[PDB]
J.: 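Take this structure, written in structure tokens, and hold onto it; I'll ask about it next.
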Amino acid sequence: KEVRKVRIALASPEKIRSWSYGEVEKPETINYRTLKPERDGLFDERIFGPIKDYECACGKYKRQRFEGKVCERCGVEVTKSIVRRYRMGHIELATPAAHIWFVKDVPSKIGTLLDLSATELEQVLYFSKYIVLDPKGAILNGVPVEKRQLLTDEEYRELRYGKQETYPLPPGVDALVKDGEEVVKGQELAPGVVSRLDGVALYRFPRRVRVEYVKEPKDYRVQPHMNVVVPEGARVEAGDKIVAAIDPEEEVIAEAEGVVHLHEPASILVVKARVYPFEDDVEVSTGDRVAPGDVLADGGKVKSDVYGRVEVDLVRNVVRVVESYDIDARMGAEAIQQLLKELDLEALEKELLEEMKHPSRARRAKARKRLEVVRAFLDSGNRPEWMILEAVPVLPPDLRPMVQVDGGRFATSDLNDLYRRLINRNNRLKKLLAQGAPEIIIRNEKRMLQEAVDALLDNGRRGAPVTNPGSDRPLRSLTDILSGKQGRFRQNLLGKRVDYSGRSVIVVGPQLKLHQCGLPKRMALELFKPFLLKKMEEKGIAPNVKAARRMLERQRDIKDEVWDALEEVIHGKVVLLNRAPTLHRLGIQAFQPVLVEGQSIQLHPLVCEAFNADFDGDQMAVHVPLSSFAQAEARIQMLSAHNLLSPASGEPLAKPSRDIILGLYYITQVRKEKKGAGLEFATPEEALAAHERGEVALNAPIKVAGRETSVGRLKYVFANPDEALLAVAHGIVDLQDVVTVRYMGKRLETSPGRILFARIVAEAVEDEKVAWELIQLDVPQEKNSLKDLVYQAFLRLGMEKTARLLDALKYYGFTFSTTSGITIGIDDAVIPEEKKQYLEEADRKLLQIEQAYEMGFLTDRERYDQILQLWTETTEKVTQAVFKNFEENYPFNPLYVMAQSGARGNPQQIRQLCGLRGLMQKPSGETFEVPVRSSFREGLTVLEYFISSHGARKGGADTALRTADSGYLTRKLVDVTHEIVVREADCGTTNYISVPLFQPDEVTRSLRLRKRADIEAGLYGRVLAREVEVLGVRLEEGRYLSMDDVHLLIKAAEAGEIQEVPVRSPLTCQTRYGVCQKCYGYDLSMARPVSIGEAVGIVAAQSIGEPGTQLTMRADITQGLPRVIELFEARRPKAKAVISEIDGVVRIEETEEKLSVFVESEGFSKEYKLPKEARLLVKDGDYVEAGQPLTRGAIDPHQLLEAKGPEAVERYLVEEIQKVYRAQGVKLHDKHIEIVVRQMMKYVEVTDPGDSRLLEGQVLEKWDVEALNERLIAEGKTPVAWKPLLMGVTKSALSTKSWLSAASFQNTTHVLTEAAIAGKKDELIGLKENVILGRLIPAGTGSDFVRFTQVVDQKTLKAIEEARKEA
Amino acid sequence: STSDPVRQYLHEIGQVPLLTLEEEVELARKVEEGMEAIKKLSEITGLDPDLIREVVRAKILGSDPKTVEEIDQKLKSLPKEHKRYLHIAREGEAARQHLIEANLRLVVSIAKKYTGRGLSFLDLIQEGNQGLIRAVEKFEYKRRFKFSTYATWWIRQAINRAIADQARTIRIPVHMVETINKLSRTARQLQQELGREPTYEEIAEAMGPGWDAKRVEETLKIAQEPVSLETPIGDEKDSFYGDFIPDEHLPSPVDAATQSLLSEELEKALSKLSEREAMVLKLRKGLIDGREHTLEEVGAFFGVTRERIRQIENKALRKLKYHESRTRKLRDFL
Amino acid sequence: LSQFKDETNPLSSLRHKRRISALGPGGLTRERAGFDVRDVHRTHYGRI
Amino acid sequence: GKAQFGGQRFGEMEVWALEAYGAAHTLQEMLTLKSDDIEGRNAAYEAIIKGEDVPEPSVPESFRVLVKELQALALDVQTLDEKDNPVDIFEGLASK
DNA sequence: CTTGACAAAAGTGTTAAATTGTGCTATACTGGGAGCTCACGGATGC
DNA sequence: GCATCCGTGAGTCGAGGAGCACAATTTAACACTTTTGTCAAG
Ligand SMILES: Nc1ccn([C@@H]2O[C@H](COP(=O)(O)OP(=O)(O)OP(=O)(O)O)[C@@H](O)[C@H]2O)c(=O)n1
Ligand SMILES: [Mg+2]
Ligand SMILES: [Mg+2]
Ligand SMILES: [Mg+2]
Ligand SMILES: [Mg+2]
Ligand SMILES: [Zn+2]
Ligand SMILES: [Zn+2]
């Protein structure tokens, strides 16, 4: 009784009626006066249940004693009122209606089975053309009619009702034909009209009757209101009626005996029929249908000779058989449902299997697509005709509520309107059918009924969307409810609004510890209200919980002891601080709340970078974990002081920042004086004497005898750091003056600030020796050095001491930056003297370029390029001049120190402040010829400011229009790798990847060592697959590569001892539904082997997508997201490179006509016709390999896969995606990209079915076919020959086994349509499926590896063991 | 093509040529003769006239079928003088179908003047078709009036009734819909005459006797259409009325908790009572079976008379008052 | 285009009356608008 | 919203953060006990004010809404167990 | 704990008054009308 | 080649919302019992 799997399948009309507690027969919702729901309506209590718990409609039963009872007076079951959310109804359709999902979802599921195209299916379903279901021997245009043939309305009318036409004669003229005379096509009936069909021409309305009496051509005038009652050429006896009339006064009779002749017809009706006069009463009547040989009229004497509808003319005393066939052709879902009922899926499968052997590829592909649907219906057990609705389910009323609001007016959902229209049209069709309405009225209503069902199921899918009258807003249908960003999945299942949650503005708390946050008292009172009420009840504050809650309702009613109790409540507990967007996992962190006075949240400075939270108006969400599990997970796993390293790269993420770095850099940097700067002496006493004379400065570099030192190193020699800092306090020396100190038995020559920094680390880590090895004393502490210190401290000491060191660095960095005296003035943006000289040099060269152009030595495009190169060169020269001036003359300049330390700014921004702004681009992308020669200190001109505004707008627009692309990419990556979890320690695989230490350098055409960040991002925290012998050090198999091991491997590569490192990677992992511990490697956030049960798939997607989104909100516009999304989607590039399908020697045949490249082998010679504008990277006399590029550009991933193999494309995809993130300085481990690429290469295509039921070209997971192949091999069968397949993250995520995860991602209509027909059963393997059902995710503490752990003290364990083994 | 249902319908009805006045009279005469023939058939053969007209209609339309042939063959078994009335009945039904088919342009011209009143254009036509069918049944050609003169009354009648019955989510009776329409028309005439929105007193006075400001306000309140739960607010397409309407039906966690707190505190207080005295109150107040019982009904369960139980029920009630006064552990839940 | 008046301070209301919007009935769409519609043109000098 | 005294939206990316952390039970509480598990949220609040630990959560009401809305589309969505037997998540309130 | 009076609230009937649903109206009338810096790449279809 | 469907980041504070005549039916008002609680002693 634990939901372990969710199955979706088609619902039969029988099953739909089993769900329903009653048929909804009326569109009425509620009574307009009493507001009580109407009987038999959309809100009927008899169907969906009582409005209020245990109470009938009549109010006779009103208590739980009569549970499970239905009142006889009203019929409402006495039960809970919540059953109205779960009890469904149904609408019994007068005529069947097709489900729009199985019609308009390309490729059509109904059309696939019936072999009907989308055009043909729509025409039949919406009553445009008939379809033949029984020809009944019908002949159309001389060709017999066959089954499944489409007939237009005109064609059906001719076959079913015969061919006939009426010709209106001009008034007065008499036709030359007689009544009951056959004519031919084109024959003249009257002298003004001609026939168009051969048949019996009969008089319609003879305007004048000319009776010939026997005594006499007496003429009678026939008015429209009078009708002739006798035949033409009929002997009428004296007295018999001739022409009848409404008024007997004008009625015309026969005076004497005579013969009646009809003349001047209103029109002649020529019908293709057969006339048979009858002697006695007719054995048939009007409207019947006869076939050759049937006894027609005269008791067997007169018999039919042709098919047709028989109509008898009483006046003419003849029987007319209008030539027609009783063809069985219907429109709409009625015919379609019958077709699906007659299908023999077993017979259809056999025919499709036979057609699957056609050597034509197109027919096999078409047969495969049809056979996949046929196989789906057979295996699922569904029936094809279930796709047509005979009974439409009705949603429970509480899910489509009609609720009164805070006022008095009613609010209702759009589903009630859609249900009402369906009921209104269904009931009207039932009435129309009962009245025997004509076919056009019935056909229009059946078509409208079909559209009503379509609008309810999926509004706007076919035709114009349905809008509520009085507005143009489309009504929200069932498909719209479950699909889209605002659908049920993404808005209510994958994410929810939660209780015990708050939000406020965040301010900086420097006095907080790394694990602490400042939570306002008023937020904490509300967030911890249930816990607080219990605590007040425990103490004497309140008598009980309810009195406690009333006490807290009014602010003035809260005493001072409530706050004391609130302190006791939150003791030990932690809360989750959240800042949106949660790009990575450290966007939610657990903090120990500290109650503060105010309304803003105090955030620790060190967690700001991880949260991407500054204090210009940011807000955060607060969440309170409730149970012991939730608190334990937050305090152990999610605590801020426990997540110190970045999961994406492994480098520290909580590290000193802007103000902290500045304070530490300022005191650790030393002074460089220029007063003395070079004088040489003989004895130190002479040097000291010179200093007292003012000739040489304290820190001026001098030479005493042979060694280069300073006066400070000689004049001030301190026995210990305490004395050195004592001299600083008394003002003898500053923290930046280089002196001589004795520390740890070494006579160091450093500044007191550097010695002070050494003590700062030593006291923080509480171990002098290790802290000495962790720090770099002889350099100023920039961002990079501090980051290395945090990482090294983490490795040597752990999280607790590193967090203590982090807090110590934060305190001293803040303290020293405050008193140091960092400030920004207008003069701090020092203008170099070289700027004026450079601009004059540029102006002279610009004039020289202009003079050369005036003489015609270079074109417009070349001159524009020459101008740009000159200005780009000048801009770079000024940047160097700006920073050279700072380094030589103002080493402590605030702009220089901030830029050098990494606290703030970059040389590009410092140049704009100090040098020149530079070149700017037009809105079209072209750069202006004139640069912005003025910096921000000098002030731009009005024109230069307008020119500079084009790029500021262009950059700001990208910051807004590329976030959606990156956020969409992150969702794709999450949904394709959400199921990847470390599920076991080792999968036992012997495969691996060889991470290259040398990359081919094309410009040099040789192998060069890759960058350290390249090798570290590909080898750090990875298990060695094979033993490596480097530099006399044995790195054995199975050894996790630490950072020291990576550096040793890099050092060995520099010595030419190793070219590539074999490591275990997720690409070669054999673990099903995830990776193993030995193939993933380290948990980069802890620098230790990954723990079993970690959702590395979610970590991988967040690690990749965070830099994409983070950087675009601050490059990625051109070759960032466009290339990464293209690579992750495995899209074919527009300007794709040309690769050789085979290996061999190249032979270029460049000519004026075209460019052609020949790849020559022993017997093979491939020809590649390149375009003229092709940048070839290979020349004649080279040995190219298969898949090696021949032209510069982006390699098509699919062409490379089929030319080289799965390993090559995986290497190419990981490398090229990395090349992007490296360009913008992002460090990201290869594991996360390889996890996503592993999901891309997860599927294969069948090429030879073998001894299996798979189809050629069928796509299935590689793990399944490999398992299938070994099963076939086990029982001695031909294995399935498959082919590796590559697909993008979107296609891979949509083709997963689980329909719940796929439906929540995209194509909810398509995913659910394919799943329901196939009867797919979701095993709930990944994370999204468990989130949707609210289960415990199979990762982290919810993994089967750790979930069943038992904890017990020894006393109970000894007691249980003793009391059980005693027997 | 075929994506506009109105265009497809108009093309379908355009395939039936309009009836000349001679054709109209002939078809109208056949329907009346056919209907009379069905009456003559029933009177003689004995079956239900409604039964026979369905059998005749079934044969004409073609395609309970078990009994239709049984009745149809029975009718054909009549002699010649009676089989004749069958023939007029068949032609009359065939002429009724043709007469209805050829007037499908009339309903469209009538129905196009009723759009925008809560029903779609096709819904008006189909309702107009129902009125057109009724017009044919009741039409009499003896009066020499053309069909469009009499059909127009039935076509507009069916369209008006459908609007009064299907244009509102909360259905309002026809008499009240007429009152609402009359009220709106009266208000508009006053509004265009007084140059401002009329007050309820002004609207009631113009309406006539029996109308006051209270009745006008109630009728306007009744005429308030329900508002959709999915109507967006603001330019952002992420907020709807459904996101701001709380659910007041299901008890809140606080309400469910205090109910449990009261229940456990009441049973604890009832422990101090006697075994029978606590039983009487829990049964008189309906704490066991769920429903309040009577002194007589409680009496049958213990075999005690009505008057005695009231005394012990009151005595047990007084003891709880004594216990609550000495503890005050139950006052706060009130 | 009929927007709730922003009158935090007199400058707020003054700005709101001088704002030019490419959206509204008959204009562009917030999501269907490209980079070209949103970029500063050379002719905005002195006008926008 | 603050005006409606509403909760904080714990969207997809926030759910991803808990999944990446491995906080399976913290995620389950927010999905069920603190959002839409009507029986769970009533029992959790009652447990807290009694000084007890909150009970194990149950199926969310949003999933029940999803199943019924899927049933309104004539799709037979059935929750099964280890032995493929149907499991009633509606507590017998929808079984005719 | 019983028996007998006593109001009396709750329960069973009656005709009345709104209230709601239904059919009819006869010169002749016979194919709608609304909307128009389309946003743009990408994938699966004939 | 193109026709069509599907996709296009996350939170948040406000601002918002034809007429009448007739039969048929249900809703109210009026009486007359019924059952049902309250004293009354014994
Ligand atoms: N449409 C937006 C705008 C902003 N943000 C978030 O809010 C931040 C706002 O950053 P911004 O103030 O524009 O720049 P900073 O990065 O703070 O600038 P600096 O580095 O100079 O401090 C973004 O980085 C992002 O985290 C967002 O999610 N969506
Ligand atoms: Mg900032
Ligand atoms: Mg900010
Ligand atoms: Mg000295
Ligand atoms: Mg806005
Ligand atoms: Zn009842
Ligand atoms: Zn593995």
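Convention: sequence-line order gives letters A, B, ...; per-chain numbering from 1. Computed over heavy atoms, backbone and side chain alike; hydrogens, waters and symmetry mates excluded.
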J.: I'd like to check the ring pair (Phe, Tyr, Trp, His ring centres under 6.0 Å) partners of B/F147; sequence neighbours left out, ordered by chain and number.
T.: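 Partners of B/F147 under the ring pair (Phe, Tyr, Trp, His ring centres under 6.0 Å) test: B/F139.
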J.: For A/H584, give me all partners under ring pair (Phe, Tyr, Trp, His ring centres under 6.0 Å), at least two apart in sequence or on another chain.
T.: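 Scan of A/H584 (ring pair (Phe, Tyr, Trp, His ring centres under 6.0 Å), adjacent residues dropped) gives none.
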J.: Using a cut-off of under 3.5 Å, enumerate the N/O to N/O pairs linking the protein to nucleotides 8-10 of chain E.
T.:
none

J.: Just list the side-chain donor-acceptor pairs under 3.5 Å for residues 233-240 of chain B, sequence neighbours left out, or say none.
T.:
none

J.: Taking NZ from B/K182 and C1' from F/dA18, how many angstroms apart are they, rounded to a whole number?
T.: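 Interatomic distance, NZ of B/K182 to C1' of F/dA18: 12 Å.
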J.: Could you check which residues of residues 6-13 of chain D get a heavy atom under 4.0 Å from DNA chain F? Sort them by number, please.
T.: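 Here the set is D/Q8, D/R9, D/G11, D/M13.
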J.: Would you mind writing out the side-chain donor-acceptor pairs for residues 27-37 of chain C within the sub-3.5 Å range, not counting sequence neighbours?
T.:
none

J.: Let me spell it out: for each of A/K104 and A/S966, pick the nucleotide of DNA chain F with the closest heavy atom. Which residue's pick is nearer the 5' end?
T.: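 Of the two residues, A/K104 wins.
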J.: Ring pair (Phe, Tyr, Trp, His ring centres under 6.0 Å) with D/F10: which residues, sequence neighbours excluded?
T.: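 By the ring pair (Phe, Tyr, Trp, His ring centres under 6.0 Å) rule, D/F10 matches A/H623.
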J.: How would nucleotides 35-46 of chain E be written as a contact map, 5' to 3', with B for base contact, S for sugar-phosphate-only contact and - for no contact, using protein heavy atoms under 4.0 Å?
T.: --B-B--SSSS-
J.: Between N or O atoms, less than 3.5 Å apart, protein on one side and nucleotides 23-25 of chain F on the other: list the pairs.
T.:
none

J.: Taking side-chain hydrogen bond (donor to acceptor under 3.5 Å, both in side chains) as the test, write out the residues that go with B/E12, two or more places apart.
T.: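 So B/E12 forms a side-chain hydrogen bond (donor to acceptor under 3.5 Å, both in side chains) with A/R447.
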J.: Below 4.0 angstrom, which residues in residues 101-108 of chain B have at least one non-hydrogen atom near DNA chain E?
T.: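 Here the set is B/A102, B/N103, B/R105, B/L106.
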J.: Using the 3.5 Å cut-off, write out each protein N or O paired with an N or O of nucleotides 39-42 of chain F and the distance between them.
T.:
{"from": "F/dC39", "atom 1": "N4", "to": "B/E307", "atom 2": "OE1", "distance (Å)": "2.9"}

